[PDB]
file coords_3.txt (compact mmCIF, C-alpha atoms and all ligand atoms)
# COMPACT_ATOMS: atom_id res chain seq x y z
CA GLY A 13 3.55 192.50 -87.74
CA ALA A 14 7.04 191.53 -88.81
CA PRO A 15 6.00 190.26 -92.27
CA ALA A 16 4.24 193.51 -93.04
CA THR A 17 7.24 195.50 -91.76
CA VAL A 18 9.79 193.74 -93.95
CA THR A 19 7.36 194.09 -96.89
CA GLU A 20 7.01 197.85 -96.35
CA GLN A 21 10.44 198.71 -94.86
CA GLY A 22 12.84 196.07 -96.23
CA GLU A 23 15.75 196.49 -98.55
CA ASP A 24 15.87 194.81 -101.99
CA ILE A 25 18.92 192.50 -101.99
CA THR A 26 18.41 190.99 -105.42
CA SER A 27 20.78 191.42 -108.30
CA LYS A 28 17.83 192.22 -110.61
CA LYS A 29 16.39 194.87 -108.28
CA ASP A 30 12.95 193.32 -108.75
CA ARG A 31 11.92 193.47 -105.10
CA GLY A 32 11.83 189.69 -105.03
CA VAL A 33 13.85 189.32 -101.82
CA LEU A 34 13.62 192.00 -99.13
CA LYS A 35 15.69 192.08 -95.96
CA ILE A 36 15.87 193.75 -92.57
CA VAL A 37 18.87 193.16 -90.31
CA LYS A 38 17.46 192.55 -86.82
CA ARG A 39 20.73 191.83 -85.02
CA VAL A 40 24.13 192.90 -86.37
CA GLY A 41 26.55 190.04 -86.54
CA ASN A 42 30.29 189.83 -86.12
CA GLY A 43 32.80 191.68 -88.20
CA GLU A 44 32.47 192.07 -91.93
CA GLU A 45 32.77 188.54 -93.38
CA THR A 46 29.85 186.77 -95.03
CA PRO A 47 29.96 183.10 -96.13
CA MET A 48 31.26 181.97 -99.48
CA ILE A 49 29.82 179.65 -102.05
CA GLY A 50 30.12 176.07 -100.96
CA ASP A 51 30.42 176.83 -97.28
CA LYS A 52 28.56 174.65 -94.84
CA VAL A 53 26.18 177.09 -93.21
CA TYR A 54 24.30 176.44 -89.95
CA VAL A 55 21.15 178.45 -89.28
CA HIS A 56 18.14 178.62 -87.07
CA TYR A 57 14.93 179.85 -88.71
CA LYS A 58 11.18 180.24 -88.58
CA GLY A 59 8.98 180.46 -91.68
CA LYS A 60 5.49 181.92 -92.12
CA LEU A 61 3.03 181.96 -94.94
CA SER A 62 1.18 185.08 -95.95
CA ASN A 63 -1.94 183.66 -94.23
CA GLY A 64 -0.11 183.78 -90.90
CA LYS A 65 0.57 180.04 -90.62
CA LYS A 66 3.94 179.13 -89.14
CA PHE A 67 4.94 176.40 -91.52
CA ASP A 68 8.25 175.55 -89.94
CA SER A 69 10.84 176.23 -87.22
CA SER A 70 14.25 174.72 -86.67
CA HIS A 71 14.10 175.85 -83.06
CA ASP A 72 11.17 173.48 -82.58
CA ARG A 73 13.38 170.61 -83.80
CA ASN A 74 16.26 171.40 -81.43
CA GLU A 75 18.74 171.27 -84.29
CA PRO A 76 20.02 173.82 -86.83
CA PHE A 77 19.36 173.60 -90.51
CA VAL A 78 22.50 172.94 -92.45
CA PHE A 79 23.17 173.42 -96.15
CA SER A 80 25.94 174.27 -98.58
CA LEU A 81 25.59 177.89 -99.71
CA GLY A 82 24.99 178.82 -103.34
CA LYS A 83 24.25 175.33 -104.61
CA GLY A 84 20.47 175.44 -105.03
CA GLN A 85 19.96 173.21 -101.99
CA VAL A 86 17.51 175.81 -100.73
CA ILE A 87 15.18 178.30 -102.37
CA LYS A 88 16.79 181.11 -104.25
CA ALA A 89 15.87 183.71 -101.67
CA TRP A 90 17.87 181.74 -99.06
CA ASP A 91 20.96 181.38 -101.22
CA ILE A 92 20.81 185.16 -101.86
CA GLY A 93 19.82 186.17 -98.34
CA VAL A 94 22.15 183.97 -96.28
CA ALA A 95 25.01 185.13 -98.51
CA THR A 96 24.48 188.64 -97.11
CA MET A 97 24.67 187.61 -93.44
CA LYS A 98 27.47 187.85 -90.91
CA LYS A 99 28.05 185.24 -88.23
CA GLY A 100 25.64 185.85 -85.40
CA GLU A 101 23.33 188.02 -87.50
CA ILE A 102 19.57 187.70 -87.30
CA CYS A 103 17.58 188.95 -90.29
CA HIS A 104 14.07 188.92 -91.71
CA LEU A 105 13.61 187.95 -95.32
CA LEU A 106 10.46 188.46 -97.47
CA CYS A 107 10.57 186.04 -100.38
CA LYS A 108 8.32 186.45 -103.44
CA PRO A 109 7.34 183.21 -105.09
CA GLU A 110 9.77 183.66 -108.00
CA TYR A 111 12.58 183.28 -105.38
CA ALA A 112 10.78 180.56 -103.45
CA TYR A 113 8.40 177.78 -104.68
CA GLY A 114 6.77 179.60 -107.57
CA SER A 115 3.53 178.50 -109.13
CA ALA A 116 4.23 174.88 -108.17
CA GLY A 117 4.24 175.37 -104.44
CA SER A 118 5.24 172.46 -102.34
CA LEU A 119 2.79 170.13 -100.77
CA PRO A 120 1.74 169.82 -98.04
CA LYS A 121 2.83 173.13 -96.60
CA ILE A 122 3.37 175.70 -99.32
CA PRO A 123 0.58 176.96 -101.64
CA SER A 124 1.04 178.05 -105.22
CA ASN A 125 2.23 181.63 -105.68
CA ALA A 126 3.21 181.95 -102.02
CA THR A 127 5.15 184.90 -100.60
CA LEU A 128 7.15 183.60 -97.61
CA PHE A 129 8.52 185.27 -94.50
CA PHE A 130 11.55 183.99 -92.67
CA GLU A 131 13.48 184.96 -89.54
CA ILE A 132 17.02 183.53 -89.95
CA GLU A 133 19.94 183.42 -87.51
CA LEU A 134 23.37 182.58 -89.02
CA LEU A 135 25.02 180.41 -86.39
CA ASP A 136 28.24 179.50 -88.19
CA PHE A 137 29.76 178.99 -91.58
CA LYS A 138 32.74 176.77 -92.50
CA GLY A 139 34.58 175.69 -95.74
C1 LIG A 201 10.61 168.58 -98.10
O1 LIG A 201 11.05 168.95 -96.79
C2 LIG A 201 11.84 170.09 -96.78
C3 LIG A 201 12.29 170.67 -97.96
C4 LIG A 201 13.06 171.81 -97.93
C5 LIG A 201 13.45 172.35 -96.69
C6 LIG A 201 13.06 171.67 -95.50
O2 LIG A 201 13.60 172.15 -94.37
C7 LIG A 201 13.27 171.48 -93.08
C8 LIG A 201 12.25 170.55 -95.53
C9 LIG A 201 14.31 173.59 -96.58
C10 LIG A 201 13.73 174.68 -95.64
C11 LIG A 201 14.77 175.49 -94.91
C12 LIG A 201 15.55 176.37 -95.84
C13 LIG A 201 14.64 177.18 -96.75
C14 LIG A 201 13.63 176.29 -97.42
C15 LIG A 201 14.27 175.40 -98.32
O3 LIG A 201 14.60 175.83 -99.40
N1 LIG A 201 14.57 174.14 -97.91
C16 LIG A 201 15.01 173.11 -98.85
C17 LIG A 201 13.61 172.43 -99.19
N2 LIG A 201 12.84 175.57 -96.42
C18 LIG A 201 11.51 175.71 -96.22
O4 LIG A 201 10.81 176.47 -96.97
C19 LIG A 201 10.86 174.97 -95.08
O5 LIG A 201 11.00 175.45 -93.97
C20 LIG A 201 10.10 173.76 -95.37
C21 LIG A 201 9.60 173.00 -94.29
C22 LIG A 201 8.83 171.87 -94.56
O6 LIG A 201 8.29 171.10 -93.55
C23 LIG A 201 8.42 171.51 -92.19
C24 LIG A 201 8.59 171.50 -95.90
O7 LIG A 201 7.81 170.37 -96.21
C25 LIG A 201 7.99 169.17 -95.45
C26 LIG A 201 9.12 172.23 -96.95
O8 LIG A 201 8.87 171.73 -98.17
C27 LIG A 201 9.38 172.45 -99.26
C28 LIG A 201 9.89 173.39 -96.72
call {"tool": "encode", "arguments": {"input": "coords_3.txt", "output": "structure tokens"}}
result
Amino acid sequence: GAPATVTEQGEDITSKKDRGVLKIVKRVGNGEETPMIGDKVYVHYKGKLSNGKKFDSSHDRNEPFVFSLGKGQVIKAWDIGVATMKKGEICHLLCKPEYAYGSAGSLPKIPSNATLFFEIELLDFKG
């Protein structure tokens, strides 16, 4: 499935080149510009655990998820991964726990040492 494919066929987008965040571009977005630090970014996403559970979806809420990029308001993999996206892009991200919730996890949804899959659509970004 898609998690296996990004695991086996994704590109390492980390600075460290530690394979901690892998990406596949599913739909090419517009132009060349990616968001900047501090931009208000609007996304739709779905997240899955490595056991196959869908732990969340913004689509199911009928509202985008909004955050300020590069401020640690989201897991590290998101700050790194969304920073690579163009407006209108859809990507898949595979997030090792060191770039997600680590050994702590996050109750109730996220176990310790969890590798996470996300599908993310960058809707818009604005200063
Ligand atoms: C405690 O409730 C939430 C916490 C967080 C988030 C969240 O989003 C609805 C809810 C977000 C989301 C989206 C950006 C990436 C990632 C993330 O880093 N954040 C910020 C942490 N993240 C998730 O891993 C996520 O989907 C999620 C969903 C959750 O519930 C649907 C959740 O627990 C309530 C949770 O706890 C850490 C995380």
call {"tool": "residues_near_ligand", "arguments": {"input": "coords_3.txt", "ligand": "ligand LIG 201 (chain A)", "cutoff": "8 Å", "atoms": "all atoms listed in the file", "output": "VMD selection string"}}
result
chain A and resid 57 to 59 67 to 70 77 85 to 88 90 112 to 113 117 to 122
call {"tool": "write_last_selection", "arguments": {"input": "coords_3.txt", "atoms": "C-alpha atoms", "output": "short mmCIF file (atom, residue, chain, number, x, y, z; two decimals), in the coordinates of the input"}}
result
data_model
loop_
_atom_site.label_atom_id
_atom_site.label_comp_id
_atom_site.auth_asym_id
_atom_site.auth_seq_id
_atom_site.Cartn_x
_atom_site.Cartn_y
_atom_site.Cartn_z
CA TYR A 57 14.93 179.85 -88.71
CA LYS A 58 11.18 180.24 -88.58
CA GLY A 59 8.98 180.46 -91.68
CA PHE A 67 4.94 176.40 -91.52
CA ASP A 68 8.25 175.55 -89.94
CA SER A 69 10.84 176.23 -87.22
CA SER A 70 14.25 174.72 -86.67
CA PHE A 77 19.36 173.60 -90.51
CA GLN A 85 19.96 173.21 -101.99
CA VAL A 86 17.51 175.81 -100.73
CA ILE A 87 15.18 178.30 -102.37
CA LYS A 88 16.79 181.11 -104.25
CA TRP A 90 17.87 181.74 -99.06
CA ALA A 112 10.78 180.56 -103.45
CA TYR A 113 8.40 177.78 -104.68
CA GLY A 117 4.24 175.37 -104.44
CA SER A 118 5.24 172.46 -102.34
CA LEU A 119 2.79 170.13 -100.77
CA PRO A 120 1.74 169.82 -98.04
CA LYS A 121 2.83 173.13 -96.60
CA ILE A 122 3.37 175.70 -99.32
#
call {"tool": "residues_around", "arguments": {"input": "coords_3.txt", "residues": "residue 78 in chain A", "least_positions_apart": "5", "cutoff": "10 Å", "atoms": "only C-alpha atoms", "output": "short mmCIF file (atom, residue, chain, number, x, y, z; two decimals) with C-alpha atoms, keeping the file's coordinate frame"}}
result
data_model
loop_
_atom_site.label_atom_id
_atom_site.label_comp_id
_atom_site.auth_asym_id
_atom_site.auth_seq_id
_atom_site.Cartn_x
_atom_site.Cartn_y
_atom_site.Cartn_z
CA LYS A 52 28.56 174.65 -94.84
CA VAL A 53 26.18 177.09 -93.21
CA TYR A 54 24.30 176.44 -89.95
CA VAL A 55 21.15 178.45 -89.28
CA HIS A 56 18.14 178.62 -87.07
CA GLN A 85 19.96 173.21 -101.99
CA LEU A 135 25.02 180.41 -86.39
CA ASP A 136 28.24 179.50 -88.19
CA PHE A 137 29.76 178.99 -91.58
#
call {"tool": "residues_near_point", "arguments": {"input": "coords_3.txt", "point": "(14.7, 193.8, -106.2)", "cutoff": "12 Å", "atoms": "only C-alpha atoms", "output": "PyMOL selection string"}}
result
chain A and resi 19+22-35+89+92+106-108+110-111
call {"tool": "closest_residue", "arguments": {"input": "coords_3.txt", "among": "A:50, A:64, A:93, A:76", "to": "residue 36 in chain A", "atoms": "only C-alpha atoms"}}
result
A:93
call {"tool": "atom_distance", "arguments": {"input": "coords_3.txt", "atom1": "CA of residue 40 in chain A", "atom2": "CA of residue 65 in chain A"}}
result
27.2 Å
call {"tool": "closest_residue", "arguments": {"input": "coords_3.txt", "among": "A:131, A:101, A:20, A:75", "to": "residue 46 in chain A", "atoms": "all atoms listed in the file"}}
result
A:101
call {"tool": "residues_around", "arguments": {"input": "coords_3.txt", "residues": "residue 109 in chain A", "least_positions_apart": "6", "cutoff": "8 Å", "atoms": "only C-alpha atoms", "output": "list in words"}}
result
residues 32, 115, 125, 126, 127 and 128 of chain A
call {"tool": "closest_residue", "arguments": {"input": "coords_3.txt", "among": "A:63, A:14, A:73, A:42", "to": "residue 105 in chain A", "atoms": "only C-alpha atoms"}}
result
A:14
call {"tool": "closest_residue", "arguments": {"input": "coords_3.txt", "among": "A:129, A:45, A:18, A:134", "to": "residue 61 in chain A", "atoms": "only C-alpha atoms"}}
result
A:129
call {"tool": "closest_residue", "arguments": {"input": "coords_3.txt", "among": "A:81, A:37, A:48, A:132", "to": "residue 17 in chain A", "atoms": "only C-alpha atoms"}}
result
A:37
call {"tool": "atom_distance", "arguments": {"input": "coords_3.txt", "atom1": "CA of residue 116 in chain A", "atom2": "CA of residue 13 in chain A"}}
result
27.0 Å
call {"tool": "atom_distance", "arguments": {"input": "coords_3.txt", "atom1": "CA of residue 124 in chain A", "atom2": "CA of residue 104 in chain A"}}
result
21.7 Å
call {"tool": "closest_residue", "arguments": {"input": "coords_3.txt", "among": "A:43, A:79, A:103, A:15", "to": "residue 91 in chain A", "atoms": "all atoms listed in the file"}}
result
A:79
call {"tool": "axis_aligned_box", "arguments": {"input": "coords_3.txt", "around": "range 99-114 of chain A", "padding_each_side": "3 Å", "output": "lines of an AutoDock Vina configuration file"}}
result
center_x = 17.4
center_y = 183.4
center_z = -96.7
size_x = 27.3
size_y = 17.2
size_z = 28.6
call {"tool": "build_atoms", "arguments": {"input": "coords_3.txt", "residues": "range 101-128 of chain A", "atoms": "N, CA and C atoms", "output": "mmCIF file, keeping the file's coordinate frame"}}
result
data_model
loop_
_atom_site.group_PDB
_atom_site.id
_atom_site.type_symbol
_atom_site.label_atom_id
_atom_site.label_comp_id
_atom_site.auth_asym_id
_atom_site.auth_seq_id
_atom_site.Cartn_x
_atom_site.Cartn_y
_atom_site.Cartn_z
ATOM 1 N N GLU A 101 24.398 187.155 -87.059
ATOM 2 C CA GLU A 101 23.330 188.020 -87.500
ATOM 3 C C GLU A 101 21.993 187.306 -87.396
ATOM 4 N N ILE A 102 20.970 188.110 -87.114
ATOM 5 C CA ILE A 102 19.570 187.700 -87.300
ATOM 6 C C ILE A 102 18.953 188.660 -88.323
ATOM 7 N N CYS A 103 18.275 188.113 -89.328
ATOM 8 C CA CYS A 103 17.580 188.950 -90.290
ATOM 9 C C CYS A 103 16.170 188.451 -90.502
ATOM 10 N N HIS A 104 15.364 189.285 -91.114
ATOM 11 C CA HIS A 104 14.070 188.920 -91.710
ATOM 12 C C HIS A 104 14.186 189.031 -93.197
ATOM 13 N N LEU A 105 13.608 188.023 -93.889
ATOM 14 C CA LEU A 105 13.610 187.950 -95.320
ATOM 15 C C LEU A 105 12.145 187.800 -95.790
ATOM 16 N N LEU A 106 11.743 188.572 -96.776
ATOM 17 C CA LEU A 106 10.460 188.460 -97.470
ATOM 18 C C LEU A 106 10.793 187.960 -98.849
ATOM 19 N N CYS A 107 10.194 186.797 -99.226
ATOM 20 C CA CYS A 107 10.570 186.040 -100.380
ATOM 21 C C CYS A 107 9.371 185.900 -101.326
ATOM 22 N N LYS A 108 9.403 186.608 -102.441
ATOM 23 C CA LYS A 108 8.320 186.450 -103.440
ATOM 24 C C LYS A 108 8.448 185.124 -104.072
ATOM 25 N N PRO A 109 7.334 184.599 -104.654
ATOM 26 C CA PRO A 109 7.340 183.210 -105.090
ATOM 27 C C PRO A 109 8.385 182.930 -106.149
ATOM 28 N N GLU A 110 8.758 183.870 -106.978
ATOM 29 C CA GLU A 110 9.770 183.660 -108.000
ATOM 30 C C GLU A 110 11.115 183.299 -107.394
ATOM 31 N N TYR A 111 11.352 183.628 -106.121
ATOM 32 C CA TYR A 111 12.580 183.280 -105.380
ATOM 33 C C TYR A 111 12.306 182.236 -104.309
ATOM 34 N N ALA A 112 11.177 181.541 -104.421
ATOM 35 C CA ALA A 112 10.780 180.560 -103.450
ATOM 36 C C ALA A 112 10.253 179.311 -104.201
ATOM 37 N N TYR A 113 8.977 178.975 -104.075
ATOM 38 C CA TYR A 113 8.400 177.780 -104.680
ATOM 39 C C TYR A 113 7.493 178.065 -105.859
ATOM 40 N N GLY A 114 7.391 179.288 -106.292
ATOM 41 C CA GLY A 114 6.770 179.600 -107.570
ATOM 42 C C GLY A 114 5.318 179.199 -107.642
ATOM 43 N N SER A 115 4.874 178.963 -108.870
ATOM 44 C CA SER A 115 3.530 178.500 -109.130
ATOM 45 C C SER A 115 3.332 177.049 -108.667
ATOM 46 N N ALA A 116 4.392 176.257 -108.581
ATOM 47 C CA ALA A 116 4.230 174.880 -108.170
ATOM 48 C C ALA A 116 3.776 174.774 -106.748
ATOM 49 N N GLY A 117 4.347 175.609 -105.868
ATOM 50 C CA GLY A 117 4.240 175.370 -104.440
ATOM 51 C C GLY A 117 4.957 174.125 -104.029
ATOM 52 N N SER A 118 4.627 173.679 -102.818
ATOM 53 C CA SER A 118 5.240 172.460 -102.340
ATOM 54 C C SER A 118 4.310 171.869 -101.302
ATOM 55 N N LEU A 119 3.640 170.778 -101.680
ATOM 56 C CA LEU A 119 2.790 170.130 -100.770
ATOM 57 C C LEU A 119 3.592 169.398 -99.717
ATOM 58 N N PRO A 120 3.090 169.367 -98.471
ATOM 59 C CA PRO A 120 1.740 169.820 -98.040
ATOM 60 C C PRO A 120 1.681 171.253 -97.598
ATOM 61 N N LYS A 121 2.828 171.873 -97.337
ATOM 62 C CA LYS A 121 2.830 173.130 -96.600
ATOM 63 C C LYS A 121 2.687 174.411 -97.398
ATOM 64 N N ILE A 122 3.199 174.433 -98.613
ATOM 65 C CA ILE A 122 3.370 175.700 -99.320
ATOM 66 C C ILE A 122 2.397 175.813 -100.497
ATOM 67 N N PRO A 123 1.477 176.789 -100.509
ATOM 68 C CA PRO A 123 0.580 176.960 -101.640
ATOM 69 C C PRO A 123 1.268 177.439 -102.878
ATOM 70 N N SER A 124 0.579 177.377 -104.019
ATOM 71 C CA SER A 124 1.040 178.050 -105.220
ATOM 72 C C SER A 124 1.156 179.567 -104.999
ATOM 73 N N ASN A 125 2.128 180.156 -105.640
ATOM 74 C CA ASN A 125 2.230 181.630 -105.680
ATOM 75 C C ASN A 125 2.381 182.267 -104.298
ATOM 76 N N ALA A 126 3.116 181.559 -103.424
ATOM 77 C CA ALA A 126 3.210 181.950 -102.020
ATOM 78 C C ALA A 126 4.410 182.898 -101.777
ATOM 79 N N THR A 127 4.120 184.013 -101.186
ATOM 80 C CA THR A 127 5.150 184.900 -100.600
ATOM 81 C C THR A 127 5.433 184.390 -99.196
ATOM 82 N N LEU A 128 6.709 184.201 -98.876
ATOM 83 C CA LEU A 128 7.150 183.600 -97.610
ATOM 84 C C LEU A 128 7.912 184.621 -96.779
#
